[PDB]
Every structure is written in C-alpha cells, then in structure tokens.
C-alpha cells in the first residue's frame, strides 16, 4: 500500500515558495474579518480598497497575492510587466508601492506581500530587517506599482538598491534648486574649490590640487569636468555621510527617525547648508516637529537669521516641514 510523507523542505524546481509565513509584513491597511483569533490559520479573501484585480488571501495573518492564467474565483488575473527597468529607472516619491516575494510557473503566481501600499522609504526600512532576510533571499522579489503593473527584480539586493535610488533622486532635485549643480569646478565665496552640489574638494588654494582631488574622488582623469551621473554619486555619498552624522547627534537623531523621509530630507537640506552642529543648535524648533505640530514649528523656524539670510530657500524648507510633501518645489 501507499503512505505519503509530507515534510518541510523545498528541494527543487516545482516553484513551491520558501518560508512563505516567515518574517513580518508592513501594512498601512488592516483587514478585520472575524473575532476568533484561531481562524487566521484559515484562508480569508479580501479586495484591496480602491483597486482592481487585487484580491488578497490572508493566512496566518499574512497577505498573499495570487495570480492565474485560467479564469479563477479567488485568484487575480495575470499582471503585465512595467517598462521601468530593474537596473535603472525609479518609482516616484508620491506613489505608494507594494513589495512582494515568491514564485511563478506555468501561469500560476503565488507571492507573499511584504509591504502593502507603503512608501518607498518605509519599504526600504522594512526589507532591511533581519527577520525578513530569509524570505527575501530565497524567492523572486517584485514590486506591484499603483497602476497594477509589475517590476520583477533578479535579486533582493537589486530591489533595495533600486529603492535607495528612488528616494535619493528627490533629495538631489531639491538640493539642485537650493544649492546649484555645477559640473565644472568652481571656486566659491570663501575661496574653496567645489563641484557638483556643494562638494568641497580640497582645503588648498591651488586649482591643480583641486583638479587632482576630483580625479581621486571620481577615479579617472576628469580635467575639472564631470557628468550629471558622477555628480549624483558624489551627492549620494554626501547624503549618506549627512545621515551618518545626524545619528551621532543627540538632538537631531531623535527628531530624525520620527519624521517621514520627506521631512527627513528637509533636515538634510539644512545640514548641507549650515553644517551638522549649526542645524543641531536649532533646538526649540526640532521638538515642535517631533510633536508633529507643523504650523507652529514653521513659525519658530522663520524666527531666525537663517530665514533672514536666505528667505526663499528657508520658505521652501519650512513649507516642506508643514506639508510632508515636496509641494514647495515645482518648476
């Protein structure tokens, strides 16, 4: 006679998903269903609010997104792929996104939702969690865009670095307006050679020393000129160091992680302007931001030499601290 033994392992190319109920899911939307705790072990189907072709199946409290070629009752229709590349291209800041991990074969798709309708910043933090490392490393990782098209990534690292790019362009564009992008070396007000977006090259008065330091930074013979793309890299590196210093700061680090990445960037904006301890010495204005009283914090920030010395820039940053969007930057 015949005994079936079913265990845990997933040893081959059948497309069974690995660690389907591991890790955690970040969701900005709660399901409800039933009052009995012990039936989340049972399948619960629900449509995602305001969407189409986006039925979810909840099980063990996790959302699973499911697609089928053959017409189905509980499965979604197959989603088309986006024309946004995985290697380059980005998704815009004001769109939510859904991050998934899982499998597909012969017109059947089963994907564990890791991030349900969250921001790019939130997803970046979420996928970086250690508990999630197992499910993201042994499955196919994709992003389901707002328009319900899909971007498939070759690996988790490619996705998160895609997302790293998606957030970082915005701080670049913003800072381009406030500080200027310079693709040739230029000597600034005090007499320091600079390039890109406010990147100091050297503490030496020699242009040659600057041209040499720029070469050292880019890793080629530049002759004092760089491309928009290299400038962006230098910027990203500078951003990363600015966030570094914000964490080593006792007054900035707290108000930092308590803001949405848009406001976090408004802080980075000041850091680029008046240095880390200058911004640090604002004190009273930070606490009002922490408390999420934007209209009041904006009023205190205006009461400053900074608002006085740079009116137009200070308004854009302050309006960015009111409405946690990039509304202040247009045209």
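Residue numbers count along the first chain shown, from 1.
Student: Mean CA B-factor: is it higher for 248-256 or for 216-224?
Tutor: Mean B over CA atoms: larger for 248-256.
Student: Mean CA temperature factor from the deposited coordinates, higher in 160-168 or in 228-236?
Tutor: The stretch with the larger average C-alpha B-factor is 160-168.
Student: Tell me, please, which of 62, 45, 294, 54 has the highest C-alpha B factor according to the deposited entry?
Tutor: Comparing C-alpha B-factors across 62, 45, 294, 54, the top value belongs to 294.
Student: With respect to the C-alpha temperature factors reported in the PDB entry, which of 304, 27, 66, 277 ranks highest?
Tutor: Largest recorded C-alpha B-factor: 277.
Student: If you rank every modelled residue in this chain by C-alpha B factor, which third holds residue 130: lowest, middle or highest?
Tutor: As the PDB entry reports it, the C-alpha B-factor of residue 130 lands in the highest third of its chain.
Student: Sort the modelled residues of this chain by their C-alpha B factor and say whether residue 33 lands in the lowest, middle or highest third.
Tutor: It falls in the top third of the chain.
Student: Compared with the other modelled residues in the chain, in which third is the CA B-factor of residue 282?
Tutor: Top third by C-alpha B-factor.
Student: Where does residue 191 sit by CA temperature factor within its chain: lowest, middle or highest third?
Tutor: CA B-factor rank for residue 191: middle third.
Student: Determine, from the deposited record, the chain-internal third of the Cα B-factor for residue 21: lowest, middle or highest.
Tutor: As the PDB entry reports it, the C-alpha B-factor of residue 21 lands in the lowest third of its chain.
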